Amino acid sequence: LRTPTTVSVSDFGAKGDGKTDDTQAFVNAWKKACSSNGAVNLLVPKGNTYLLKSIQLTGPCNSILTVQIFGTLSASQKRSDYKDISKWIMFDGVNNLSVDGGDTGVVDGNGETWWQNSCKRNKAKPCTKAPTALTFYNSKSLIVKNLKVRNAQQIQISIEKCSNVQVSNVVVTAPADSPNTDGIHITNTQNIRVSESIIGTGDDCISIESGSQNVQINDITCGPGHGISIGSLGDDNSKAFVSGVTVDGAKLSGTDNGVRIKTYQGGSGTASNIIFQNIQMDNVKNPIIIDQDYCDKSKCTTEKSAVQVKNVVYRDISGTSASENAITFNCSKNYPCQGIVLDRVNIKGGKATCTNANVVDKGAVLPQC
């Protein structure tokens, strides 16, 4: 094809030994590649390890940028090295961005030291926000592919306020007991497909939050993890909106939940038009769960408002429950779940509990409410 223009971090003094701080080299390389015209590869050379503090790669850019993360990015473990304690690497406002790991690149958050200081893991500790390893924010026409993200400080990959996004052939991994290490976090993002990916992490494999519309999740493996979850929705008495989610082709193994919708008492808004189909459950706790009994304070009041859940289809779901209840519908009394469909569902090893749920059975369904 075209003759490629390449801006390499090598050209800006990045040593690539994993001990020298290469942050400023990345900053300057990003200035060069972002300001250039036309198609530009920003290259992180294969076989090297680049220690990075927090870094913000800000657009919009004159270039059509392909960031070739072929080597390894290694996070500082010093809390003072993070401008925003919630962010390690953040792409901000970059349109027509493609991030390609070439099946060799690794984004390593070095999260263990953050995890042991987490309050979920040491209750003599205060609960603190830890950095998201890789954030894409305010991007249109985004592509993320062929990349591995491991051991994030907290959230591994977050896609926030994005539009027209394709994530394909990524690997996200962290220990099963690592706290709050969401695999792929999707929030206020519309028209996104995540396909052909593998997530085994310490929290939600995929979490879909408010503002999300037209989300496609195809051919993913999840385990360890907390499953594929819409929510949390309506926390802090927020108005939530989620519409048009399809998970089609997934294998969940040993996860704390299978396919989950979770909303908070006091919330408002709606979560609608959701389809979970062609799902294999291998020893999964809470294979199917909608749970609206959540509150964000230590002493919950009687619920005045709830997120309304409507048009949820569970289709061609098969496998084995590790929970007493394979199917759990705990929905709001004042806003009951509506248009819940169970179509060719066969989960053995568990029973079904259904409260304030209008369910419809289509074909062979086991277990039944």
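Numbering starts at 1 and runs along the sequence shown.
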{"item": "Higher-scoring stretch by recorded Cα B factor average, 360 to 368 or 4 to 12", "value": "360 to 368"}
{"item": "142 to 150 versus 122 to 130 - which carries the larger mean C-alpha B factor in the record", "value": "122 to 130"}
{"item": "Among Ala33, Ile55, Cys300, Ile317 - the residue whose C-alpha B-factor is largest in the record", "value": "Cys300"}
{"item": "Among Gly231, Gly93, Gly111, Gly227 - the residue whose C-alpha B-factor is largest in the record", "value": "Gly111"}
{"item": "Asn325, C-alpha B-factor rank within chain (lowest, middle or highest third)", "value": "highest"}
{"item": "Assigned third (lowest, middle, highest) for the C-alpha B factor of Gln68", "value": "lowest"}
{"item": "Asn37 - which third its CA temperature factor falls in, relative to the rest of the chain", "value": "highest"}
{"item": "Third of the chain, ranked by Cα B-factor, where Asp177 sits", "value": "highest"}
{"item": "Position of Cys295 among the chain's modelled residues by C-alpha B-factor, lowest, middle or highest third", "value": "highest"}
